[PDB]
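Enquirer: Here it is, the structure, as structure tokens.
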Amino acid sequence: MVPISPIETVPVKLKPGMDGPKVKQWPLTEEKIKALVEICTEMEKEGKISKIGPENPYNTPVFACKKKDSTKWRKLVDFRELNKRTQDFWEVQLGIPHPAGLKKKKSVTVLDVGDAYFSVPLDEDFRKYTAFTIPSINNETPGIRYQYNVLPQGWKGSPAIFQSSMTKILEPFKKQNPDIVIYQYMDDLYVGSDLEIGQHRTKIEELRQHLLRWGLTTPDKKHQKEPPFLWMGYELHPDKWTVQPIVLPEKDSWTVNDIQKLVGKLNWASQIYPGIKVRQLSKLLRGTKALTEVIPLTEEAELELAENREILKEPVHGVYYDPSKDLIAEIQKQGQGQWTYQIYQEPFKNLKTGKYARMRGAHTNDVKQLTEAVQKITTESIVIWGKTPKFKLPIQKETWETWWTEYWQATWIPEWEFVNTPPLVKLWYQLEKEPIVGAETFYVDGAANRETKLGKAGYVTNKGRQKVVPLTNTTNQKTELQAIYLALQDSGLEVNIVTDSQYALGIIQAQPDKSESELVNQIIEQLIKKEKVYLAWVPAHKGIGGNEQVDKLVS
Amino acid sequence: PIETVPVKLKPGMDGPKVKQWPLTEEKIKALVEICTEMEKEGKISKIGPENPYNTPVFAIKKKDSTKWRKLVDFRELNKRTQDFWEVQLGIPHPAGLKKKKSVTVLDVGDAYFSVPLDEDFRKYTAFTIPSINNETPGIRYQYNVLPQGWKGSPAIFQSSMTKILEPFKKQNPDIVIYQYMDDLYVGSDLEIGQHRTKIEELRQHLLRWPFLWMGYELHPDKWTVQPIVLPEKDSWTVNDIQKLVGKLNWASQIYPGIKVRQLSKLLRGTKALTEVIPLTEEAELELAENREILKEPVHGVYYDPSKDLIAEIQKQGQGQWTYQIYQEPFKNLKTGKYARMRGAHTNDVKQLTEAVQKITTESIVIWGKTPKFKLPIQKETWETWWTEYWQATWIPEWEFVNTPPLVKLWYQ
DNA sequence: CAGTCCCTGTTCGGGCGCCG
DNA sequence: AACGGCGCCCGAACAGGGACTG
Ligand SMILES: Cc1cn([C@H]2C=C[C@@H](COP(=O)(O)OP(=O)(O)OP(=O)(O)O)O2)c(=O)[nH]c1=O
Ligand SMILES: [Mg+2]
Ligand SMILES: [Mg+2]
């Protein structure tokens, strides 16, 4: 006979055709034994845990880990087998709140619900599926087995149920206090208002007594009344916010697992520290698949690491969001496909920073990667502020106009303005739209053997110029690119090039300035040196122009 | 007082589990106000996390309208109930709708809220309203009545719709009325004044039983096609003929009678691209014959009602967009071109969005289906902006392609 | 015409950071 | 040694289209 809590239960079922968990316990140290017997006894008197008998043919191993920055212990239940047989839940946590999205509030209070999961009841018909034994002695007393009447920690349905239950309890209080902002993330509550300090504490106590009606306690242990407030891993001040101090490890010998933690902290730090790069550091995590393997730092990864530690020396901070002012996002090119940005409303008062260094595609250019960065910043801004910032981009209006009007795919950038901060983004060469009068016409082609991997590449011209180059360990695609490279090498500043390769033409027409292919990069270098290049395509094996003549030479 | 029509998913398929995407501030505020009124009226109810299903939701404004409309992306749920709104309770498509002089589209989705939904099926209509900066967890609802945007809503309401439209069709036997999704397509051969007058009579027929005041007008008789055309020059260069032979060779996949023998003979040798080549007597003969074949229709091209429609769009530049609708490759049921749409010369995504909506509307009128689109755009670019410019209550299927223009096929 | 190859694309799961 | 959320950078597995060969 246990009292039913005021919180409405969530009807939880299991996947049909499956039973409950039947897993043997795990032998643990005697320190863990003396830390769990005192918990199950306290939860039994408080009604949070009921005792069962032989009528429950289920079992699940448990353990514990130390609470962060405390002497208390966190009781965990390894429900990994129960989660496989429990129904799926739809998660209601859609993201992480960011301090740059918080508005200015005169009074701020950060609460913390004590025993979050242990205060929300479990489904009545589901409590029988949560069985676990607690041995008093490691090899003497069999230990009476208990069950769960609340939400166990370790179950895949506990977070979704608590977050949904906490919302229904706060809904009546928010309806009675509309001007009060309550950021509800798990059990931690951020309460802000423009009321005076005295009147603010009054509504805080009203909220504490409101939650107490459903058995939710807000102890004065983790009750924050004075700034700076520690919320979501940040330091919240009345007029600014900053990330809690980030400590980077400084080992003499670097392994693989150490760099993974290093890049992760720099990714977390780049949200407010401008100019953080992790290209050369993450480049070391390629190929090697041994976490306990020492990796020597390259000269590029060492200079990148030294520049990141210097940025973290001077303290930085972000500001809060003012809806009366516009959102500005300015991007800088860091080179080698690296982009950094800052989002602000007043000059040099950054709300947050960030970086975009993703390399998608074997061939691309700065204009494509800038477009991708704009899209990343836009979606990120809609999550945090619900609107798109005005962009300040290091690309000329004429440059962008030339790119998007001529590209074959739909592409667009929202309202933006040019900012003259080198290095500027530009197109490094422009293919002509009509053939060039007086320029030599090169008919290029390339063939390769599928078996021997041998091939040829060459050209013929209208002036009688001709070349055929034998190639070893190649493909048909590589010989077509090689044929174009030969034409660019052996031609003047202005040249017309005719090819039948849809593969090669598609790469070059997209005006790439960088490539994972060394051959394409050499082709790009030649295209930049030229003054006029006209690429033309013809269907192969049709007796068209000199394409039939060069086809005989290479095949 | 109405028995709920039993609805079941297609055997072997679970409900939709699609994540909600981020919404702008004005869209979230619009949905919070709309869903509050719907919950007060019992149309929707709040649910918990024990419902594992979810469908995205956002808001739109129709053309020349300042009112927010709630739009649920039921595309996943619709193809998981395909044997319901196509096999069991299907709506026949009138072939005469496309022949009418004027067709008006009326939003009648509000009438679906008067019919309850099957209790065993309501769990599949779940959606989640997000919050700015994740201040609060997602607010989940589910529909208690027939939801707008679900293809099962007009199928269940079809029996109710027939009795309401029964007197009006008797009064005007020449008017064709087609129902697709939340819309009602009304076509007639009356004059503009007579047509709009008869449209208002139909509105009053529905009133005696919030977007009914709007009327998007169409003119399918004014719809044109964009055939494959060849250039006509006074002088021809080597490059001009190489482009012509390349275009005619690709067109041979559609018209098997096209020949390039006499035209390829003009390119004998290794000539400069800009060198002028006079057309021989046989070359003029072959080029004149190919121009007539492009006017002749394609053999064995007809609509199969059991096959899906496919739409390809090409960005031609300067506000020009070409498109082809087909079921089998090189068997185009319709080709066309759009020019000077909204966003021309400034926004590709708005134009592409406008083009998709136009093509889908044409497909609903002509065949009663929406095509699956092959969009010439990167996925991340489209998924970032398309909801900002969407003005329709339905959403077609689409995929993303990247085909560089090796030869201008549909627009020289 | 099938069956491959070459090349490029997306998807997904895990590594790490971070929150509770 | 547990669960859920979001982000990044990584590699393996898979998909799809042009082109060559039997
Ligand atoms: C940190 C953490 C948390 N949780 C769940 C449980 C309760 C909520 C909040 O956890 P908590 O605030 O740190 O502990 P809590 O149970 O609230 O007890 P208090 O310290 O607040 O009194 O999230 C979890 O399941 N695993 C974890 O590692
Ligand atoms: Mg707590
Ligand atoms: Mg070739």
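Here the Cβ is made from the backbone with ideal geometry for all residues, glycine too, and neighbour counts use every protein chain on show. Every number here is computed from the coordinates shown, using simple stated rules; none is lab data.
Enquirer: Rg/Rh for the stretch B:208-287 to two decimals, with Rh computed the Kirkwood way over all alpha-carbon pairs.
Expert: Ratio of gyration radius to Kirkwood radius for the stretch B:208-287: 1.38.
Enquirer: Sticking with this structure for a sec: From the helices alone, meaning DSSP H stretches of at least four residues, give me the mean residue ellipticity at 222 nm for the protein assembly as shown, per-run term -39500 (n - 2.57), in deg cm²/dmol to the nearest 500.
Expert: -9000 deg cm²/dmol
Enquirer: Going by alpha carbons, how many degrees (0 to 90, nearest 10) lie between the helix axis of A:397-406 and the longest principal axis of chain A?
Expert: Helix A:397-406 sits at roughly 80 degrees to that axis.
Enquirer: Separate question: Which links in B:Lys243/B:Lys374; B:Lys8/B:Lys170; A:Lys67/B:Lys46; B:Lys99/B:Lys170; A:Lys277/A:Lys478; A:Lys376/B:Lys369 stretch past 31 Å when you go from one Cα to the other?
Expert: B:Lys8/B:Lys170; A:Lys67/B:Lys46; A:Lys277/A:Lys478; A:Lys376/B:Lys369
Enquirer: Then there is this: Once every Cα of chain A carries one equal point scatterer and solvent is ignored, give the base-10 log of I(q)/I(0) from the Debye formula at q = 0.07, 0.09 Å⁻¹, two decimals.
Expert: -0.66, -0.91
Enquirer: Please report the orientation-averaged projected area of the stretch B:79-217, defined via the convex hull of its C-alpha atoms, in nm².
Expert: 10.7 nm²
Enquirer: Can you give the relative contact order of chain A as a percent, counting alpha carbon pairs under 8 Å and 6+ residues apart?
Expert: 10 percent
Enquirer: Can I ask one more? Of A:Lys225/B:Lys29; A:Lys463/B:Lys233; A:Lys453/A:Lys529; B:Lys350/B:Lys379; A:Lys225/A:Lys352; A:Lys103/A:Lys313, which ones are farther than 20 Å apart at the Cα?
Expert: Too far apart for the 20 Å limit: A:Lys225/B:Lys29; A:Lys463/B:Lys233; A:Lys453/A:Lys529; A:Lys225/A:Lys352; A:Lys103/A:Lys313.
Enquirer: Helix A:158-176: angle to the longest alpha-carbon principal axis of chain A, degrees 0 to 90, nearest 10?
Expert: On a 0 to 90 degree scale, this one is about 80.
Enquirer: For the stretch B:296-306, just list the computed ³J(HN,Hα) in residue order, Karplus coefficients 6.51, -1.76 and 1.60, θ = phi - 60°, integers in Hz, with x standing in for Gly and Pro.
Expert: 6, x, 7, 6, x, 10, 8, 7, 9, x, 8
Enquirer: Please determine, in degrees from 0 to 90 and to the nearest 10, the orientation of helix A:197-212 with respect to the longest principal axis defined by the Cα atoms of chain A, where the helix direction is its Cα long axis.
Expert: The angle comes out near 70 degrees.
Enquirer: When the Cα atoms of the protein assembly as shown are enclosed in a convex hull and the volume is divided per residue, what value in Å³ results?
Expert: Measuring per residue, one finds 231 Å³ for the Cα hull of the protein assembly as shown.
Enquirer: Round to the nearest 0.05 the FRET efficiency obtained for A:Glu250 and A:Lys68 when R0 = 22 Å and r is the Cβ-Cβ distance.
Expert: Working from the Cβ atoms, E equals 0.40.
Enquirer: Distance check, please: which entries in A:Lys325/A:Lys387; A:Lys426/A:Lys532; A:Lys15/A:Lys51; A:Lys426/A:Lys514 exceed 20 angstrom between their Cα atoms?
Expert: From A:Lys325/A:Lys387; A:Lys426/A:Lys532; A:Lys15/A:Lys51; A:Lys426/A:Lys514, over 20 Å: A:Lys15/A:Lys51.
Enquirer: Just need the relative contact order of the stretch A:187-278 here, percent rounded to a whole number, with Cα pairs under 8 Å and 6+ apart.
Expert: Averaging sequence separation for qualifying contacts and normalising by length gives 13 percent for the stretch A:187-278.
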